[PDB]
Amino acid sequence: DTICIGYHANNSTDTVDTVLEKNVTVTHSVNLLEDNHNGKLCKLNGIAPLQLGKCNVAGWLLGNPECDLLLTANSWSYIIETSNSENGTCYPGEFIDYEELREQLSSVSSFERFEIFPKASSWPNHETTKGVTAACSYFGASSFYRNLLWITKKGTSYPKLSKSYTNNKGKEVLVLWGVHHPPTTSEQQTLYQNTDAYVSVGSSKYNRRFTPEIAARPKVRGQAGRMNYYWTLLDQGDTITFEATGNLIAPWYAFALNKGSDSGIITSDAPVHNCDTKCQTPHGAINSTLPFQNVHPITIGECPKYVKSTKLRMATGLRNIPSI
């Protein structure tokens, strides 16, 4: 008669590493490194993202003629740009504080596009029907952004215009605008007459005044002229006043939005399907259960610390030593 005390063993082949030994076969292990993803762009916390496709953020906000499908944008928890998002500022120029804007609009609760300064009778005694270019061509034809209006000299006189807007939308209002810069002071006059024009933008929190920066410069996608795009968030109850004697690319449509918390912009070509998630990446949705992730350094949400590891397997059972 005998009795032996011993330990378990099985067909397991999982191996873990220890301080003293590499690859030790164990009866039971658990993985702490999430390295799989659904290769899809999901909803972050139950709120679909915003797809721009061929358009990038600048093209979407300005109203590039190739982003007509984006004129209905609504809600979104994060923005998606594609390797094909090259349609932005069709008319050459610098988008002032662009990154900063991209960052601030990464997440939006409510977002409504309204006509702040109606093209139809808003700038009488001013030409508002020639503001079109070949750079921003829509279906072969010459066109222009859909949220800005290219006001140009009437007849042969460009009278000083003035227009204000008060935010009564009960929420921040994104007001975009631009200032055109002719290549020559010869054009500055054939377009805006006044060869000393200025564009001023006033608000209880704004005052930057502009003047045309004429300069011989290379032609970009056609035009040698340039357009700097500006923006500002108009607080509830505040009034933004525009007055200019030329070079003003007036706001036509503005957006009344509601920012709560900020997220970011994912750039990927993965399909956008209806799935949920707490942590999202460019390659797809990642699980938020494990303490570590090695799928992508760049993520958005509540994510598992990114590590350069390939294996973080933790033992639960004991050494596996079978054989009868």
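For every residue, the number given is its place in the sequence shown, counted from 1.
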property	result
Per the entry, higher mean C-alpha B factor between 78-86 and 175-183	78-86
Entry-level comparison of average CA B-factors, 136-144 and 240-248, reporting the higher stretch	136-144
Top residue by Cα temperature factor, when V26, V272, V30, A58 are compared in the entry	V272
Top residue by Cα temperature factor, when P124, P118, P92, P218 are compared in the entry	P124
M227 - Cα temperature factor, lowest/middle/highest third of chain	lowest
Cα B factor band for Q104 (lowest, middle or highest third within the chain)	lowest
Third of the chain, ranked by Cα B-factor, where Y198 sits	highest
B-factor third for the C-alpha atom of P297 within its chain	middle
B-factor third for the C-alpha atom of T190 within its chain	highest
